[PDB]
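Chemist: Can you read through this structure? Questions will come right after.
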Amino acid sequence: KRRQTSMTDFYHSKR
Amino acid sequence: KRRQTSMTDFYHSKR
Amino acid sequence: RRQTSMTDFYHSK
Amino acid sequence: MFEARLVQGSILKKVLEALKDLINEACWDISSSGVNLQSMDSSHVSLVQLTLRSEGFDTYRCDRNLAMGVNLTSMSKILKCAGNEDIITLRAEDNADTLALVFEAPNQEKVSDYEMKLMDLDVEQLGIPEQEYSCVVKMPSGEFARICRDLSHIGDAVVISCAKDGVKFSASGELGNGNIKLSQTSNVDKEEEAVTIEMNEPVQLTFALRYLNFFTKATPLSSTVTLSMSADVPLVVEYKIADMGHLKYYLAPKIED
Amino acid sequence: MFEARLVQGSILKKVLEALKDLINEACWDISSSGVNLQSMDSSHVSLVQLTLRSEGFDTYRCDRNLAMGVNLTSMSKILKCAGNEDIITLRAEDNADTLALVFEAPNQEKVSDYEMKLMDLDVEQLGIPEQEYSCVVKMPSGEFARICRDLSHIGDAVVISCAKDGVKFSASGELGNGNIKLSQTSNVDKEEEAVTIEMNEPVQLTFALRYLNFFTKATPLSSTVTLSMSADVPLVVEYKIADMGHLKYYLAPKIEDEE
Amino acid sequence: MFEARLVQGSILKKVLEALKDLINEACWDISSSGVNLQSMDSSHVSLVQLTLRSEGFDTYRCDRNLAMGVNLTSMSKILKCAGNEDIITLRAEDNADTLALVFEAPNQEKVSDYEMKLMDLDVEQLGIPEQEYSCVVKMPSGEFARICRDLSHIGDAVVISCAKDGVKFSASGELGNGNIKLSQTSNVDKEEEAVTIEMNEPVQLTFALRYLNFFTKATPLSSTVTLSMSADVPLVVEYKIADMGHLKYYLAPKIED
């Protein structure tokens, strides 16, 4: 199938 | 005035 | 604050 | 199955650059002789007839005769992705709904593939008989295009006057009028054939500049252009695609009631 | 009767390319001295005055003086039909409403003629007296055009400050402000790509960048431009048409009323 | 106080021409090490990371650490006023709200200064850990840009397949489908027009052509581009800014439900 992901789904935020 | 003619006025159409 | 025109400086002879 | 490889593929791109803006959908007739396309525009005032023979191809195989309906705009969009120095191969099986186009680079490191969807169309095909015209004028393609553009900046209709001494292109509009006179020269030239004229009877006709400006989009196809015309018959603007074949634009005149 | 032939016709072709976008209709005064044109834009904020003497023309005959009104846009459309290396002849009989333009090629194998319709118009011509200015700056045309475009990327009005050390073009906007400083050339270039300044009194003025960008459209006419200005008088952007004549752009400044 | 001079201002101009269209507001982190910028677009689908070290600068002073909020469009508008061969100096005091930019022409006769307004921003900064990817492909920047531009005429998403023999870019749309294959080039020594591939496991991924077309605006920065990727992780489009540093674009893939 086909789904657009985002950066937040792979990396984490600082503090 | 002048009138613009078409190709159909000169030749014939097949299928 | 004011845009002037050519007519404001000269004259039509 | 149908397969055709041609090295000077830039030709194809130029072909569609002349066709996409005038015709939107056409019917490519494929036969052992070569490739044919005859189609009129929406206005039925002009006709386009392209013929490109098999001898010009580097390789050509066609088992069954085909008549595939193509969207010229989509195929031109596809060919815009091909470099001018690429080798292009077209392929399509008999009972197929797709046309495959393959671009092969000279260095043989980049290979591009494309499959465009076909469509069934109802093309009205005219019967153009072979005939001689009263005046045939050969002139540089770019010069004809420049004349057409310059007169298009003036008016919407051009009056062509052809005699033995030369040709004259007249055009009038709201801003004024204009004439462009080309005189018979000295036959020492070559690819800039300083207007040559073969005349049977002097002929003056009137045509629409819009259609001629659409026609001149085929300028990069050939070095020279040939305008054939006689009294009260459509002009034939012909561009010879080098060795391959020819591309003719028929344009109906304007008569006074 | 009026007739004038010019071989270096590109000049004329360039000329109208500077005028067609700012002025739409003008009145060409034709006399034995030459050709003159004075016309304001629709906004009455700027004025253009072009002069081309007969000595620069290759052939020039005019028995009666004329004052023919032409639409610059249509005439520029006409001049677009002329090759850059064509010979252009202008002709118009006494008390005529049409102007004939003939383009003849170097090979003399293509000859084109055009007759554009003239019109009786209401030309408001002002009387500008000759005067000296407090600051006159000569600088490369391309540099002036570049400066005007870049400052147009910043704000909508430019403040030009001229002293003896150099010239400064300032402009401020919502994003910020900026200054462009051009110093009088001391590096003795002699190449003419140098900025010379002759000053009587320092002058700071403000103008609209839109009109200056319209002015810089006359860049291909000359390699250098001359900006003449004094206190509270319109700027003069002058382009010298080589040997033949000149093209001047008068632009009225922007003054602050003090509330 | 912060002050930095660079003679090769083309670097800065190209950088912002690569950033102006993708990021509108960013936060420049300034430290003794150098200059960093990390910011994602509004959609959080792509990320931009620019690094320029202090050693590449001709002069560099930074006593206090800064975190300046910038409008990329306004600063690019300012930098558009600088000639390609100009020397650019950036200056900004500690408790200041403005950034001064000084352009010095090659001839020492034109000096330009600008004062741009700063802004307080809320930038969401992610932590990207250092890692190796399954396949890294280095190829000419212009060729990658050409491939992306050509495929944008076909569809809205591109599927790239990476192996050791070459790379393949696929895209489908209403008119049809298309593939562009680039073969491993080890025969020519010139690293400019050469495509090198370091592969651990073949990788097939899908991305949006929109973001890649915005990415390719960093083409004039470097002669070659580096596509780094592993399975089901964002693509990294890297442009090496000569001696200075790098500019990488992270692009999130498309996953199957």
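Residues are named by chain letter and number: chains run A, B, ... in the order of the structure tokens, numbers start at 1 in each chain, and ligands are numbered from 1 in the order shown.
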Just fit chain A onto chain B on all the Cα atoms, in order, by least squares, and give it as a compact mmCIF listing (two decimals) with N, CA, C and O atoms, in the first residue's frame.
Modeler:
```txt
# COMPACT_ATOMS: atom_id res chain seq x y z
N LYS A 1 -16.85 40.22 -51.13
CA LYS A 1 -16.81 40.09 -49.68
C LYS A 1 -15.68 39.16 -49.24
O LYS A 1 -14.87 38.74 -50.06
N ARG A 2 -15.63 38.85 -47.95
CA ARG A 2 -14.52 38.09 -47.37
C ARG A 2 -15.05 37.04 -46.41
O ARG A 2 -15.81 37.36 -45.49
N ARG A 3 -14.71 35.77 -46.68
CA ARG A 3 -15.11 34.65 -45.82
C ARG A 3 -14.03 33.58 -45.82
O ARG A 3 -13.59 33.15 -46.88
N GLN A 4 -13.62 33.13 -44.63
CA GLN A 4 -12.64 32.05 -44.52
C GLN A 4 -13.30 30.68 -44.62
O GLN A 4 -14.21 30.36 -43.84
N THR A 5 -12.86 29.87 -45.59
CA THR A 5 -13.35 28.52 -45.80
C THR A 5 -12.40 27.50 -45.17
O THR A 5 -11.34 27.84 -44.65
N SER A 6 -12.79 26.23 -45.23
CA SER A 6 -12.01 25.12 -44.68
C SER A 6 -11.75 24.07 -45.76
O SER A 6 -12.31 24.13 -46.86
N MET A 7 -10.89 23.10 -45.44
CA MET A 7 -10.57 22.04 -46.39
C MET A 7 -11.77 21.14 -46.66
O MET A 7 -11.96 20.66 -47.79
N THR A 8 -12.59 20.88 -45.64
CA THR A 8 -13.75 20.00 -45.81
C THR A 8 -14.69 20.53 -46.88
O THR A 8 -15.36 19.74 -47.56
N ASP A 9 -14.72 21.85 -47.08
CA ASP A 9 -15.59 22.44 -48.09
C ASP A 9 -15.16 22.09 -49.51
O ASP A 9 -15.96 22.24 -50.44
N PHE A 10 -13.92 21.64 -49.71
CA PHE A 10 -13.42 21.29 -51.04
C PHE A 10 -13.20 19.81 -51.25
O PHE A 10 -13.46 19.30 -52.34
N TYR A 11 -12.74 19.09 -50.23
CA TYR A 11 -12.43 17.69 -50.40
C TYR A 11 -13.32 16.86 -49.49
O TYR A 11 -14.00 17.39 -48.60
N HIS A 12 -13.27 15.55 -49.68
CA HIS A 12 -14.17 14.64 -49.01
C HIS A 12 -13.37 13.65 -48.18
O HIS A 12 -12.18 13.43 -48.41
N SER A 13 -14.04 13.04 -47.22
CA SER A 13 -13.35 12.14 -46.32
C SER A 13 -13.42 10.72 -46.87
O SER A 13 -14.24 10.40 -47.73
N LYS A 14 -12.54 9.87 -46.36
CA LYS A 14 -12.47 8.48 -46.80
C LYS A 14 -13.37 7.63 -45.91
O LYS A 14 -13.24 7.65 -44.69
N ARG A 15 -14.29 6.90 -46.55
CA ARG A 15 -15.25 6.05 -45.86
C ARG A 15 -16.07 6.85 -44.85
O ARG A 15 -17.29 7.00 -45.00
```
Chemist: Determine, counting only C-alpha atoms, which protein, DNA and RNA residues have an atom within 9 Å of an atom of segment 193-195 of chain F; residues of the same chain fewer than 5 positions away are not included. Present the result as an mmCIF file with N, CA and C atoms, in the first residue's frame.
Modeler:
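See out_25.cif below for the written result:
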```cif
data_model
loop_
_atom_site.group_PDB
_atom_site.id
_atom_site.type_symbol
_atom_site.label_atom_id
_atom_site.label_comp_id
_atom_site.auth_asym_id
_atom_site.auth_seq_id
_atom_site.Cartn_x
_atom_site.Cartn_y
_atom_site.Cartn_z
ATOM 1 N N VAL F 137 24.788 6.562 -3.102
ATOM 2 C CA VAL F 137 25.025 6.763 -4.529
ATOM 3 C C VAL F 137 25.457 8.207 -4.752
ATOM 4 N N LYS F 138 26.633 8.392 -5.343
ATOM 5 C CA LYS F 138 27.119 9.710 -5.733
ATOM 6 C C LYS F 138 26.967 9.861 -7.240
ATOM 7 N N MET F 139 26.347 10.955 -7.669
ATOM 8 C CA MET F 139 26.081 11.147 -9.088
ATOM 9 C C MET F 139 26.070 12.636 -9.391
ATOM 10 N N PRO F 140 26.219 13.021 -10.663
ATOM 11 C CA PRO F 140 26.200 14.451 -11.005
ATOM 12 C C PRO F 140 24.927 15.145 -10.538
ATOM 13 N N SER F 141 25.106 16.341 -9.970
ATOM 14 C CA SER F 141 23.974 17.112 -9.463
ATOM 15 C C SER F 141 22.982 17.421 -10.574
ATOM 16 N N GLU F 143 22.467 15.886 -13.350
ATOM 17 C CA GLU F 143 21.773 14.699 -13.837
ATOM 18 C C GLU F 143 20.636 14.302 -12.904
ATOM 19 N N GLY F 166 23.336 -0.274 -10.613
ATOM 20 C CA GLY F 166 22.861 1.056 -10.932
ATOM 21 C C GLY F 166 21.650 1.417 -10.101
ATOM 22 N N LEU F 182 20.123 4.398 -14.444
ATOM 23 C CA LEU F 182 21.497 4.889 -14.483
ATOM 24 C C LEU F 182 22.429 3.755 -14.083
ATOM 25 N N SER F 183 23.390 3.441 -14.945
ATOM 26 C CA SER F 183 24.284 2.310 -14.744
ATOM 27 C C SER F 183 25.568 2.736 -14.036
ATOM 28 N N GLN F 184 26.121 1.806 -13.254
ATOM 29 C CA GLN F 184 27.378 2.035 -12.552
ATOM 30 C C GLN F 184 28.486 2.407 -13.528
ATOM 31 N N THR F 185 29.129 3.544 -13.273
ATOM 32 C CA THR F 185 30.166 4.091 -14.146
ATOM 33 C C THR F 185 31.493 4.069 -13.391
ATOM 34 N N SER F 186 32.304 3.044 -13.646
ATOM 35 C CA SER F 186 33.659 2.970 -13.122
ATOM 36 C C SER F 186 34.717 3.138 -14.204
ATOM 37 N N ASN F 187 34.310 3.254 -15.470
ATOM 38 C CA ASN F 187 35.264 3.287 -16.574
ATOM 39 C C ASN F 187 35.918 4.652 -16.745
ATOM 40 N N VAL F 188 35.231 5.731 -16.386
ATOM 41 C CA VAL F 188 35.786 7.072 -16.530
ATOM 42 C C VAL F 188 36.288 7.549 -15.178
ATOM 43 N N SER F 223 29.188 19.991 -7.677
ATOM 44 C CA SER F 223 29.140 19.292 -8.955
ATOM 45 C C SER F 223 28.454 17.939 -8.835
ATOM 46 N N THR F 224 28.555 17.296 -7.675
ATOM 47 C CA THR F 224 27.948 15.998 -7.436
ATOM 48 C C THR F 224 27.007 16.071 -6.240
#
```
Chemist: Write out as a list in words every residue belonging to chain F that has an atom at most 6 Å from any atom of chain D, counting only C-alpha atoms.
Modeler: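 Residues satisfying the distance criterion: residues 150, 175, 176, 177, 178, 179, 180, 181, 182 and 183 of chain F.
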Chemist: Restricting it to N, CA and C atoms, dump the selection as a tab-separated table (two decimals), in the first residue's frame.
Modeler:
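Output (part-v1.tsv):
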```
chain	number	residue	atom	x	y	z
F	150	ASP	N	12.28	15.57	-15.10
F	150	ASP	CA	11.62	14.77	-16.13
F	150	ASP	C	10.53	13.89	-15.54
F	175	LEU	N	-1.20	9.46	-17.72
F	175	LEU	CA	-0.77	9.21	-19.09
F	175	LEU	C	-0.06	7.86	-19.23
F	176	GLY	N	0.55	7.38	-18.15
F	176	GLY	CA	1.23	6.10	-18.19
F	176	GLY	C	2.23	5.90	-17.07
F	177	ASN	N	3.37	5.28	-17.40
F	177	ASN	CA	4.43	5.04	-16.43
F	177	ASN	C	5.78	5.25	-17.11
F	178	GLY	N	6.84	5.26	-16.31
F	178	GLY	CA	8.16	5.49	-16.85
F	178	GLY	C	9.25	5.08	-15.89
F	179	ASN	N	10.38	4.64	-16.46
F	179	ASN	CA	11.55	4.24	-15.70
F	179	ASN	C	12.79	4.90	-16.30
F	180	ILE	N	13.71	5.32	-15.43
F	180	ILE	CA	14.98	5.91	-15.83
F	180	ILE	C	16.08	5.16	-15.10
F	181	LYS	N	16.94	4.48	-15.85
F	181	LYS	CA	17.98	3.63	-15.29
F	181	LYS	C	19.36	4.24	-15.52
F	182	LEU	N	20.12	4.40	-14.44
F	182	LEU	CA	21.50	4.89	-14.48
F	182	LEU	C	22.43	3.75	-14.08
F	183	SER	N	23.39	3.44	-14.95
F	183	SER	CA	24.28	2.31	-14.74
F	183	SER	C	25.57	2.74	-14.04
```
Chemist: Find the residues around segment 156-163 of chain E up to 9 Å (only C-alpha atoms counted), leave out those fewer than 2 positions away in its own chain, and share them as a ChimeraX atom specification.
Modeler: /E:135-137,148,151-154,165-173,197,199-210,254
Chemist: Hey, list the chain F side of the contact with chain A: 8 Å cut-off, only C-alpha atoms, answer as a short mmCIF file (atom, residue, chain, number, x, y, z; two decimals) with N, CA, C and O atoms, in the first residue's frame.
Modeler:
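Result written to part_4.cif:
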```cif
data_model
loop_
_atom_site.label_atom_id
_atom_site.label_comp_id
_atom_site.auth_asym_id
_atom_site.auth_seq_id
_atom_site.Cartn_x
_atom_site.Cartn_y
_atom_site.Cartn_z
N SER F 43 5.08 20.95 6.55
CA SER F 43 4.47 19.62 6.53
C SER F 43 5.20 18.61 7.39
O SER F 43 4.69 17.50 7.57
N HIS F 44 6.38 18.94 7.92
CA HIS F 44 7.22 18.01 8.68
C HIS F 44 7.58 16.77 7.87
O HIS F 44 7.98 15.75 8.44
N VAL F 45 7.45 16.84 6.55
CA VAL F 45 7.79 15.71 5.69
C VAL F 45 9.28 15.72 5.33
O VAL F 45 9.89 14.66 5.18
N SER F 46 9.87 16.91 5.22
CA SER F 46 11.28 17.05 4.88
C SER F 46 11.98 17.90 5.93
O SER F 46 11.35 18.68 6.66
N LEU F 47 13.29 17.72 6.01
CA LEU F 47 14.15 18.42 6.95
C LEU F 47 15.37 18.94 6.21
O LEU F 47 15.86 18.30 5.29
N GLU F 124 11.17 23.65 16.21
CA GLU F 124 11.20 22.29 16.73
C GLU F 124 12.42 21.57 16.16
O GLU F 124 12.46 21.27 14.96
N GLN F 125 13.41 21.31 17.01
CA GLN F 125 14.67 20.72 16.59
C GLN F 125 14.68 19.24 16.94
O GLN F 125 14.52 18.87 18.11
N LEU F 126 14.86 18.39 15.93
CA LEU F 126 14.96 16.95 16.13
C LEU F 126 16.41 16.53 16.33
O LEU F 126 17.35 17.24 15.97
N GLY F 127 16.58 15.35 16.91
CA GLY F 127 17.90 14.77 17.09
C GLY F 127 18.17 13.65 16.11
O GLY F 127 17.66 12.54 16.27
N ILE F 128 18.96 13.93 15.07
CA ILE F 128 19.30 12.95 14.05
C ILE F 128 20.63 12.30 14.44
O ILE F 128 21.66 12.99 14.42
N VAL F 233 13.88 4.28 6.04
CA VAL F 233 14.37 5.47 6.73
C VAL F 233 14.41 6.61 5.72
O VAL F 233 14.48 6.38 4.50
N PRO F 234 14.34 7.86 6.20
CA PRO F 234 14.33 8.99 5.27
C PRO F 234 15.57 9.03 4.39
O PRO F 234 16.68 8.72 4.83
N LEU F 251 14.23 13.34 3.58
CA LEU F 251 12.91 13.21 2.98
C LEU F 251 12.27 11.91 3.44
O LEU F 251 12.86 10.84 3.29
N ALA F 252 11.07 12.02 4.01
CA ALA F 252 10.37 10.87 4.57
C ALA F 252 9.79 10.00 3.46
O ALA F 252 9.22 10.51 2.50
N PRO F 253 9.92 8.67 3.58
CA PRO F 253 9.43 7.77 2.53
C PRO F 253 7.93 7.56 2.54
O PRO F 253 7.19 8.28 3.22
N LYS F 254 7.46 6.60 1.74
CA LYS F 254 6.07 6.17 1.72
C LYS F 254 6.00 4.69 2.07
O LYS F 254 6.66 3.87 1.43
N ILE F 255 5.21 4.36 3.09
CA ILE F 255 5.16 3.02 3.65
C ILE F 255 3.87 2.32 3.24
O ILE F 255 2.86 2.95 2.91
N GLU F 256 3.92 0.99 3.28
CA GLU F 256 2.81 0.13 2.88
C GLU F 256 2.04 -0.36 4.10
O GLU F 256 2.64 -0.81 5.08
N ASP F 257 0.72 -0.27 4.03
CA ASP F 257 -0.14 -0.63 5.16
C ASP F 257 -0.26 -2.15 5.29
O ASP F 257 -0.65 -2.84 4.35
#
```
Chemist: Just want the 10 Å neighbourhood of residue 126 of chain E, counted on only C-alpha atoms, with same-chain residues fewer than 5 positions away dropped. Output as a ChimeraX atom specification.
Modeler: /C:6-7,9-13 /E:38-40,47
Chemist: Write out as a count of residues only the set of residues from chain A that DSSP, computed on the backbone, places in strand (DSSP E).
Modeler: 4
Chemist: Mind checking DSSP for segment 181-252 of chain D and telling me the helix (DSSP H, G or I) residues as a list in words?
Modeler: residues 209, 210, 211, 212, 213, 214, 215, 216, 217, 218, 219, 220 and 221 of chain D
Chemist: Keeping only N, CA, C and O atoms, write the selected residues to a file as a compact mmCIF listing (two decimals), in the first residue's frame.
Modeler:
```txt
# COMPACT_ATOMS: atom_id res chain seq x y z
N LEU D 209 -3.32 34.48 -40.51
CA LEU D 209 -1.97 34.44 -39.96
C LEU D 209 -1.85 33.51 -38.75
O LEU D 209 -0.76 32.99 -38.50
N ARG D 210 -2.92 33.31 -37.99
CA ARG D 210 -2.86 32.40 -36.85
C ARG D 210 -2.46 31.00 -37.28
O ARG D 210 -1.58 30.36 -36.68
N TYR D 211 -3.11 30.49 -38.33
CA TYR D 211 -2.81 29.14 -38.79
C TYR D 211 -1.38 29.05 -39.30
O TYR D 211 -0.69 28.05 -39.07
N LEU D 212 -0.89 30.10 -39.96
CA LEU D 212 0.48 30.09 -40.46
C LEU D 212 1.49 30.14 -39.32
O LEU D 212 2.56 29.52 -39.41
N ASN D 213 1.17 30.86 -38.25
CA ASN D 213 2.05 30.86 -37.08
C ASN D 213 2.06 29.50 -36.39
O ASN D 213 3.08 29.10 -35.84
N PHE D 214 0.92 28.80 -36.40
CA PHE D 214 0.94 27.42 -35.92
C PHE D 214 1.77 26.53 -36.84
O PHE D 214 2.46 25.62 -36.38
N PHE D 215 1.72 26.80 -38.15
CA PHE D 215 2.46 25.99 -39.12
C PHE D 215 3.96 26.15 -38.92
O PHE D 215 4.71 25.16 -38.95
N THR D 216 4.43 27.38 -38.72
CA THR D 216 5.86 27.67 -38.62
C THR D 216 6.52 27.05 -37.40
O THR D 216 7.73 27.19 -37.24
N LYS D 217 5.76 26.38 -36.53
CA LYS D 217 6.36 25.65 -35.42
C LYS D 217 7.14 24.42 -35.88
O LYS D 217 7.83 23.80 -35.07
N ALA D 218 7.03 24.06 -37.16
CA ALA D 218 7.82 22.99 -37.75
C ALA D 218 9.11 23.49 -38.38
O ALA D 218 9.69 22.78 -39.22
N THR D 219 9.57 24.68 -38.01
CA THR D 219 10.78 25.23 -38.62
C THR D 219 12.02 24.37 -38.38
O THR D 219 12.76 24.12 -39.35
N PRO D 220 12.31 23.89 -37.16
CA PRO D 220 13.54 23.10 -36.97
C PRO D 220 13.55 21.77 -37.73
O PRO D 220 14.60 21.11 -37.73
N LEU D 221 12.45 21.37 -38.35
CA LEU D 221 12.41 20.08 -39.05
C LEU D 221 13.26 20.10 -40.31
O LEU D 221 13.97 19.13 -40.60
```
Chemist: Write out as a list in words the residues lying within 6 Å of segment 101-107 of chain E, counting only C-alpha atoms and excluding same-chain residues fewer than 6 positions away.
Modeler: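 Once the nearby chain positions are removed, what remains is residues 86, 87, 88, 89, 90, 113 and 114 of chain E.
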Chemist: When the cut-off is 6 Å and we count only C-alpha atoms, which residues of chain E are near chain F, given as a PyMOL selection string?
Modeler: chain E and resi 150+175-183
Chemist: With C-alpha atoms retained, export the selected residues as a compact mmCIF listing (two decimals), in the first residue's frame.
Modeler:
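Printed below is result_32.txt as written:
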```txt
# COMPACT_ATOMS: atom_id res chain seq x y z
CA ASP E 150 18.48 45.53 -6.25
CA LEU E 175 12.34 43.79 6.11
CA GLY E 176 14.93 46.48 6.89
CA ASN E 177 17.18 49.02 5.17
CA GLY E 178 20.17 49.14 2.87
CA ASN E 179 22.72 51.52 1.37
CA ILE E 180 24.83 51.32 -1.79
CA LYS E 181 27.95 53.49 -1.76
CA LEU E 182 29.72 54.35 -5.01
CA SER E 183 32.99 56.20 -4.59
```
